[PDB]
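Coordinate inspection notes
Residues per chain, in single letters:
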Amino acid sequence: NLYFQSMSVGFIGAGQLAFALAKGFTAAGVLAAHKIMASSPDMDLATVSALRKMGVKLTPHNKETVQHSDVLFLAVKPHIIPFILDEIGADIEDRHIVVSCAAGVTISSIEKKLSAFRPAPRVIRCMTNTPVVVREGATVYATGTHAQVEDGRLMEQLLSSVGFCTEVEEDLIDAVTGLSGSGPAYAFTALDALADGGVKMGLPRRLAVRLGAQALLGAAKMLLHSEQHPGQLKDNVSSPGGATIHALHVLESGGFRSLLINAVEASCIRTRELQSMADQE
Amino acid sequence: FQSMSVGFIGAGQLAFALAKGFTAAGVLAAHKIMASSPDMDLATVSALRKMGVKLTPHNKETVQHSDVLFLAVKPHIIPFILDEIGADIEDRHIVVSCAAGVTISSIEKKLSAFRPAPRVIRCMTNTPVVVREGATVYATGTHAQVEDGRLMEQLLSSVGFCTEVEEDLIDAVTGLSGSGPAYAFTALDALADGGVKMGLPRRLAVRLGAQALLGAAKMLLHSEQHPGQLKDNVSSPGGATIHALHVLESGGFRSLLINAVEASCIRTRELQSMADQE
Amino acid sequence: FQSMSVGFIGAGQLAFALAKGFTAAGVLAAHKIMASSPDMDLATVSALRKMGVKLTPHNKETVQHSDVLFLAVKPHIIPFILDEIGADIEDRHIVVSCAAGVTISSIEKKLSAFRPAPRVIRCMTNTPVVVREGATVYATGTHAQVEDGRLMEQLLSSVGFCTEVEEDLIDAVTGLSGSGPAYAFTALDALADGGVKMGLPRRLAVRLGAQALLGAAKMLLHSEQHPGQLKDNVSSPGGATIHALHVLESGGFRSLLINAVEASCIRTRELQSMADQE
Amino acid sequence: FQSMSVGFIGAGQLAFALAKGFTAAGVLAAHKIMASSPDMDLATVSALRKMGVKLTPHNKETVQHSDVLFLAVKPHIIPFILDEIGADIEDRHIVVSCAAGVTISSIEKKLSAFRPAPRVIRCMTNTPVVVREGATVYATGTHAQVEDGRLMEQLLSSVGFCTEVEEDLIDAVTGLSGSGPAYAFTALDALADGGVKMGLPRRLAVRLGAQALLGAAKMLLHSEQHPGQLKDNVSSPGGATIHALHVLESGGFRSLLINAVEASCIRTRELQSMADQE
Ligand SMILES: NC(=O)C1=CN([C@@H]2O[C@H](COP(=O)(O)OP(=O)(O)OC[C@H]3O[C@@H](n4cnc5c(N)ncnc54)[C@H](O)[C@@H]3O)[C@@H](O)[C@H]2O)C=CC1
Ligand SMILES: NC(=O)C1=CN([C@@H]2O[C@H](COP(=O)(O)OP(=O)(O)OC[C@H]3O[C@@H](n4cnc5c(N)ncnc54)[C@H](O)[C@@H]3O)[C@@H](O)[C@H]2O)C=CC1
Ligand SMILES: NC(=O)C1=CN([C@@H]2O[C@H](COP(=O)(O)OP(=O)(O)OC[C@H]3O[C@@H](n4cnc5c(N)ncnc54)[C@H](O)[C@@H]3O)[C@@H](O)[C@H]2O)C=CC1
Ligand SMILES: NC(=O)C1=CN([C@@H]2O[C@H](COP(=O)(O)OP(=O)(O)OC[C@H]3O[C@@H](n4cnc5c(N)ncnc54)[C@H](O)[C@@H]3O)[C@@H](O)[C@H]2O)C=CC1
Ligand SMILES: O=C(O)Cc1ccco1
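Each chain carries its own residue count, beginning from 1 and running in the order its sequence is written; this scheme need not agree with the entry numbering, and residues with no coordinates do not appear. Lettering of chains starts at A and numbering of ligands starts at 1, both following the order in which they are written. Only a portion of a larger assembly is shown here, and every reported value applies to that portion alone. Hydrogens and water are ignored here; the side-chain numbers use all heavy atoms of the structure. Residues with missing side-chain atoms are left out of burial classes, side-chain pairs and their counts.

Per the deposition metadata, X-ray crystallography was the technique used to determine this entry, at a resolution of 1.91 Å.

The following block contains the structure:
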C-alpha cells in the first residue's frame, strides 16, 4: 500500500535501465507513469518508444527533466556522466536527490562537479540490474556526503518496490557490479547453453528454454528461502551413483566454478579500470 | 474439496519436497498424506513427521491409504516395490512414478500381472517444488484415463510449472530441469566465491548472486526475446559485462553446461538399460 | 557527380579493389580514375591499366588530376606522402585516408602546414568492395563540409555497406570488418578440409562452404532476429547440427573469434601509438 | 513449367524457406504450392498462408494437388508418411525427399510396395534458400527420369547453388552446407561480441560482421584463387590482420571447423543406421 504521491521522478538517459526502472516502478504501483519524465538526444530509440507507451513524459532536453523532477536518476553511460553534470549542474536545486546508476562512477566525482555550481548536492550512488523490469532486481546504494538520512530511507523504499535493496559502503559497489550487475548476462549465457544441451538430448528448443529457466528460478528461490549452504541443497539433489552427481563431475572437470569466479573478477576489475581512466581524464 | 488421499512409497528428499509443496499450496492436508520407509532414522522422515504427514514402515498401508500413489524410491528399488505391493494396487489407484529413468512399460508389466489395467503416470520433477517453483513434466500410461492426466496436471501445477510430454523426452528433461537445481547451486556457490574474492561479505554475495539468477530467470520466462538478446541488453560496448562474458567463453562455459545435461541424461538412460537387463 | 575525378596514391590491393568496384557499379568511368605507384611494373598496376585507369609514377600527377584523393599506401608511408604532395592540395580536394590506424589529427596536422583547412575524411573498408559487398565506415575531419560526407557515403555505398561513425570507433571496426575477410578465408579453407575429410572433392567442398557462409550472412542481414534465434531455427532436437555446435563450443570457438577482433584492434592501436611516438 | 504444381508434406521451417525462395524467384506462384501439417496453428503455417500457399491438414490432399512432392518432415517421420500416402502416389509424381540422412533405397522400398517404379530424388539444401542463396545437392533414384533431374536442378537453382551428386556424398554435404549456416550464426554472434568488447554498438557490430562474412564468401566464389592466397592478400606484414590470424591459429580454429563438419556428418550417418536398424 505504498505510494509516493508528492514525488516527481526524472531519468537523464532513456535507455535500457531507464525503461526497466520505470516499468518496475509503474507495475509496482508506487509511481504513476505521468509523474515520470525521461530525456534523451535520440527520440527514435526503441526504449523511448516503450516509455512513451507506458505514459512516461519524454523530452530531448535534460534541463526539462531536471526542472520537472525531485528524484533525478542518471541513467547514461559512465563516460557521459561528466558531460551531463556540467550541462545541468546550474539547474540542481536544494530539493533534488541525484541518484547515479552509472557503473563505476564515484560519489566523489559527482559531488565535485555539482559542488562547483551549488554547495551540498544530495547524491546517492546505486548499482541495480535489468530484472527490476520484473520487480526482482538486486540493488545496492551508498549515500553521499550531503544526503540526508531520509534521502537514503526514501530511496531504499523506492528501490525495494522493484527487488532486493540494501545500503552498502561505496567501496563494495564495483564488486557488486561484477556479481549482480553483470550477473543476469551470466545467467542468460548459462540458460542458452543449458537449452542447447536439452536440444542435443532430444528436447524441442521452446520446452528446453522454459524448463531450464524454471529450474534456475526455482533453485535461486530455494536458496533465498533456505538457511542451508548451497552445497547442502546440492547434496539433496544428487543420489549416490545417480545422474546428477555424474553431471556435477563433468562440470568440475572443466573448472566450472573457476569460470564464474573469473567472470565476477573480470567485471569488477574492468569497472575499476574504466573509472581510473575517467579520474585520470 | 477433493478429499484426495496421497501416498508416497519412499520418505526421502523428493517425498518431503513434494509434501511440503502440496501442503503449502493448500491442495492437501498434511495428515491426508502417508509416507512409508524402512529407515525412520532419516532427517526427511522427521521433517515429514513434524509437518503432520502419516508415517509407517509398511508399504501396503501406504497403498491402502492412497488414492494417488507416488513412487519416490531410488530407481533400482522400483521393481522390488512393485513385486511387494502389486497385489494391493486397485482399480481406483493412480500410480505416479517419480523415479529417474524407469519406464512406464516396465511398471505396467509388473502391475499387469495382478490387476489388468493399472493406471500409471510417469513424471520428472525437481526439488524446487518445495517453494512451489518446480519444473514438472509427465507422460500418461496405457490405461491412464484422460481425467487422470488432467488431475495430475492440476496437482503438480500447484507446485510449479507442469506440462504433458511424450515419454521419450523424460530422460532429457531429467538431465536439464531434474539435475538443473544442482548446477545452479554449484554456480551460486562459485559466484559467491567471486564476490568474496572481490571484497564482498559472504552473506551479501550469496544474497546478490541468488537474486541475480532469480531475476534473470524470471526476465527470460516473461520475455519473448532470445536469451542472447537479453544478454546484449546488459553489455554496453567496452564495458564490464562484455569483459566478463569473454572470460566465460574462453573457458568453454557453454560447453560445460551442455556436457552436464548430456552426462545426466546418458547416465539416466544407462541405469535403466542395466535395470531392464536385470 | 559525373564530372568527378578520383585519384589513388598507392596502386596496390585496396586501390584495385575500390576501382574495380566503382567501375563495376557504374558510378565512375575508369578514365576518371588515376592511380600512382613508384613501381609501374606491379601486378595491380597492370590490372588497373587493363580496366582503363590512368596510371602514373608521379603522386603530384594524381593530385592534379583528382577531386577526391584516396590515400591507399601502407600506414607508415602516409606521413611521407603528405609531405610530398602537401603543397599540391587545393581547396577543391577531399583527402580520403584509407590507411589502418592513421588519425585525422595526424593528417590534418601535416597538411595544414601547407594550406589551412584541408578537407579530410578517414575511412576503413575491406577488400570485398571488389565484388561490391564491402563494409565501410568513415569519419569526417575538422574542415570537411557536410556535402563531403554525403558525397563519400554515396560513393562508398555503391560498393557495399557504408555508414558514418565517430573516429574513435574506427580501430575496432578495423578489427572486425577490416580483418574479417581474413577470418572468413581461414574458416572457409578449414571447412573445405572438413568436407574433404568426410569424402567430398575439394572443389565441391570449397563451393558448398563458401555458399553456406554467404547465404547465412545474407539471412542474418535480412532478418530482424537474433543470430542465436536463427541458430535455434537450424538445430533440430538430437540432430546433426546441434552435435556439431557442441564440438565448436567445446573448443571455445566463440572465444577465438572474440580474441581475433581484440588482437587486430589492439595491434591497430599499438601501430598508431608507434607512429605518433615519432 | 508454369503448369507445375508443388506440394510440401511438412509445413515447417524448410517448407517455408523453399516456398519463400521459389515465389520470390518467380519460378512458382504461391497458389501452385500446397503444404500440409497436422497442426494448422503453427507459425510457419500462418506465414505460408499469408504468402498465398494452399494449406491443408491432410497429406492426401497435398499428394493429389502436387506434381513435385517435397518431403519436409523430420527424418523419423518419413517412414510414417510413406506408409500414409504410398497408395496415393501416381506415375506423374516426383517425390523429393529433403530429410537429413534418409536414403533413396529406404524411400523406394516403402513406396514400391504400393506402386512399382516410384520416381524419387533425394536432396540436401539449407535454410538460406529463403534469401535465394541456398546450397543444394541432389541425387536421382532408380526410376527417376533424366528430365526429372533436370527439372529439379532448374527449380532448386532458382534459390541458390544446385548440383547433382552421387548419393554417397550427401551425408558429408549435410555436415558442411546443411549445418553450415549454424556455424556461421555462431561465428557472427561471437564476432559481434568481439566488436562490442572493443567499443562498437551491438547493432553496428552485427551488421559489420555479417557484411564482412558475406563479402568474403562472395570474393572466394568469384575468384579462381586459393582461400589461402586471398588470405595472404589481406595480411600486410606486421599488421593487425596477421596478428589476429595468429591468435585464431593458437586456438586450433581450423581444427574446430573440421571437427564440426565431421561431427555433423557422423551423427547423420548414425541416425540413419538407427533408422535402418528398425
Ligand atoms: N543495462 C544494465 O544492465 C545496467 C546498466 N547500468 C548503468 O545505467 C546506465 C545506462 O545503462 P543502459 O540504460 O544500459 O544504457 P543505454 O545505452 O540503453 O541508454 C543510454 C541512454 O543514454 C542516452 N544518452 C546519451 N547521451 C545523452 C545525453 N547527453 N543526455 C541524455 N541522455 C543521453 C542514450 O540516448 C540512451 O537512451 C549506464 O551508466 C550503466 O552502467 C546499471 C545497472 C545495470
Ligand atoms: N531428489 C531429487 O532431486 C529428485 C529425485 N527424483 C527421484 O525420486 C526418487 C527418490 O529420490 P530421493 O527422494 O532423492 O531419494 P532419497 O534417497 O532421499 O529417499 C529415498 C527413500 O526410499 C526409501 N526406501 C528404500 N527402500 C525402500 C522400500 N523397500 N520401500 C519403501 N521406501 C524405501 C529410503 O528409506 C528413503 O526414504 C529417485 O527415483 C529419484 O530419481 C526425481 C526428481 C528429482
Ligand atoms: N587490403 C586490405 O585488406 C585493406 C587495406 N587498407 C589500407 O589500405 C592501405 C594499402 O592497403 P594495400 O593496398 O593492401 O597495400 P598494398 O601494399 O597492396 O599497395 C600498397 C601500394 O602503395 C604503393 N606505394 C608505396 N610507396 C608509395 C609511395 N611513396 N607513393 C605512392 N605509392 C606508394 C606500393 O607500391 C603499392 O602499390 C593500407 O594503409 C591498409 O591499411 C584498408 C582497408 C582494407
Ligand atoms: N531446417 C534446415 O536447416 C534443413 C532441414 N532439412 C530437413 O527438412 C526436414 C524438416 O526440416 P524443418 O522444416 O527444419 O523441421 P520443422 O520441424 O521446422 O517442420 C517440421 C514439420 O513437419 C510437420 N509434421 C510432423 N508430423 C507430420 C505428419 N505426420 N504429416 C505432415 N507434416 C508433419 C510438423 O508439424 C512441422 O510443420 C528434416 O528432415 C530436415 O532434416 C534439410 C535441409 C535443411
Ligand atoms: O541424480 C539422480 O539420480 C536423481 C535425480 C533425478 C532427477 C534429478 O535428480
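With that out of the way, let us pick up the overall build of chain A. By definition, any uninterrupted DSSP run of H or I lasting at least four residues is a helix, any uninterrupted run of E lasting at least two residues is a strand, and each is numbered from the N terminus. Across its full length, chain A carries twelve helices and eight strands. In terms of overall dimensions, chain A has a C-alpha envelope of 70 × 40 × 35 Å along the principal axes. Two residues qualify as a contact provided that any one of their heavy atoms is within 4.5 Å of a heavy atom in the partner residue. At a minimum sequence separation of 6, the contacts of chain A that also span at least 24 residues come to 69%.

Okay, the side chain of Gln272(B) next. Residue and element names in this part refer to chain B. Inspection of the secondary structure puts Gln272 in helix α12 (residues 253-277). Given the relative accessible area of 9%, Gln272 is considered buried. Those residues in contact with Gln272 that lie beyond four places of it in its chain are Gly101, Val102, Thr103 and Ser106. To sort residues, take the accessible area from a 1.4 Å probe on protein chains only and compare it with the maximum for the residue type: under 20% means buried, over 50% means exposed, and anything in between is partly exposed.

For ligand 1, the set of nearby residues contains 24 residues, the closest of which are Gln16(A), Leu17(A), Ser40(A), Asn62(A) and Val76(A). Nearness is defined per residue: one heavy atom within 4 Å of the molecule or strand is enough. Mapping the residues near ligand 1 onto chains gives chains A and B. The definition of a polar contact used here is a pair of N or O atoms within 3.5 Å, where within protein one atom must be able to donate a hydrogen and the other to accept one, and adjacent residues in sequence count solely through side-chain atom pairs. Interatomic distance of 3.1 Å between a backbone N/O atom of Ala103(A) and an oxygen atom of ligand 1. Considered on its own, ligand 1 offers 830 Å² of accessible surface; in the complex 80% of this is hidden by protein. Counting only elements with at least two residues in the shell around ligand 1, the list comes to α1 (16-28) of chain A together with α10 (227-234) of chain B. Note on residue classes: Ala, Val, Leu, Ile, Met, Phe, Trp, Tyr, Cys and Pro are nonpolar, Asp, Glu, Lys and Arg are charged, and everything else, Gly too, is polar. Each residue belonging to the shell around ligand 1 can be placed in one class, and the counts come to 14 nonpolar, nine polar and one charged. Note that accessible areas follow from Shrake-Rupley with a 1.4 Å probe, and for residues the cover is restricted to the protein chains shown.

Residues and elements named next belong to chain C. One open sheet accounts for eight strands, arranged β3-β2-β1-β4-β5-β6-β7-β8; its pairing is mixed. Here the strands that pair on one side only, and so sit at the sheet edges, are β3 (54-56) and β8 (160-164). On average, each strand axis in the sheet is tilted by 20° relative to the strand beside it, whichever way the strands run. Each axis is a line fitted through C-alpha atoms, taken for helices only over the stretch in contact, and angles between the N-to-C directions span 0 to 180 degrees. Packing against the sheet, helix α7 (residues 170-178) makes contact with β6 (119-124) and β7 (134-140), and its axis sits at approximately 40° to β6. Note on pairing: DSSP must find at least two bridges between two strands before they are called paired.

Here the focus is the state of the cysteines. When two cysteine sulfur atoms are found within 2.5 Å, that pair is recorded as a disulfide. Overall, the coordinates contain zero disulfides over all chains when judged by the stated rule. Here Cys101(A) stays free of any disulfide, with the sulfur of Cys126(A) as its closest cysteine sulfur at 3.6 Å. Left unpaired, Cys123(C) is separated from the closest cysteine sulfur, that of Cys98(C), by 3.6 Å. The exposure class of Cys123(C) is buried, given its relative accessible area of 1%.

This next bit is on the site of ligand 5. Near ligand 5 the following residues occur: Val237(A), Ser239(A), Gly242(A), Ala243(A), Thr244(A), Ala100(B), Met124(B), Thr174(B), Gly178(B) and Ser179(B). Within the side chain of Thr244(A), one N or O atom sits 2.9 Å away from an oxygen atom of ligand 5. Relative to its unbound accessible surface of 270 Å², ligand 5 loses 84% to contact with the protein. Elements with a contribution of two residues or more to the shell around ligand 5: α11 (243-253) of chain A together with α7 (170-178) of chain B. Looking at the shell around ligand 5, its residues break down into four nonpolar, six polar and no charged.

What follows deals with the relation of the copies chain C and chain D. The operation relating the pair of chain copies consists of a rotation about an axis and a translation along that axis. With an RMSD of 0.0 Å, chain C superimposes on chain D once it is rotated by 180° and translated 0.0 Å along the axis. The transformation relating the two chain copies, once decomposed into turn and shift, fits a two-fold axis. Taking the C-alpha atom as reference, chain C places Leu214(C) closest to the rotation axis, 2.3 Å from it. A share of 100% of the interface residues of chain C reappears at the interface of chain D, consistent with the copies meeting face to face through the same patch. Their C-alpha atoms serve as the basis on which the copies are superposed by least squares.

A carboxyl oxygen of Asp or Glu within 4 Å of a side-chain nitrogen of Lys or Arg is what we treat as a salt bridge. All chains considered together, the criterion is met by 55 salt bridges over all chains. Here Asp232(C) ties to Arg205(A) by a salt bridge, and the two come within 3.1 Å at their closest N and O atoms. With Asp232(C) in helix α10 (residues 227-234) and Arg205(A) in helix α9 (residues 205-225), the pair connects residues from two separate chains. As far as the burial class goes, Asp232(C) and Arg205(A) line up, both buried. Where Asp67(B) meets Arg92(B), a salt bridge forms, and the shortest distance between an N and an O atom there is 3.1 Å. With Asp67(B) in the loop between α3 (59-65) and β4 (68-71) and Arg92(B) in the loop between α4 (78-85) and β5 (94-97), this residue pair connects regions lying 25 residues apart in the sequence. Residue class for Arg92(B) comes out partly exposed when judged on its relative accessible area of 34%. Here the salt bridges share partners, and the residues they tie into one network are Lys231(B), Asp232(B), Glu249(C), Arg254(C), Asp189(D), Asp193(D) and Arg202(D).

Contact residues are listed per partner, giving 96 residues for chain C and 96 residues for chain D. Linking chain C to chain D there are four salt bridges. Between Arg254(D) and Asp189(C) there is a salt bridge, with the nearest N and O atoms lying 2.9 Å from each other. In this structure, the connection of chain C to chain D is made through 16 residue pairs in polar contact.

Moving on: the sheet that holds strand β8 (residues 160-164) of chain D. Spatial ordering of the open sheet is given by β3-β2-β1-β4-β5-β6-β7-β8 (chain D), a layout of eight strands whose pairing is mixed. Where the open sheet ends on each side, the last strands, each with one partner, are β3 (54-56) and β8 of chain D. Put simply, the sheet's adjacent strands are angled 20° from each other on average, direction ignored. Pairing of strand β7 (residues 134-140) of chain D with β8(D) involves five bridges; the strand directions are parallel. Its bridge partner being in β8(D), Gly134(D) is matched across the sheet by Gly160(D). In this fold helix α9 (residues 202-222) of chain C packs onto β7 and β8 of chain D, with an angle of close to 155° to the strand it touches most, β8(D). Sitting on the sheet, helix α7 (residues 170-178) of chain D touches β6 (119-124) and β7 of chain D, and the angle it makes with β6(D) is about 40°.

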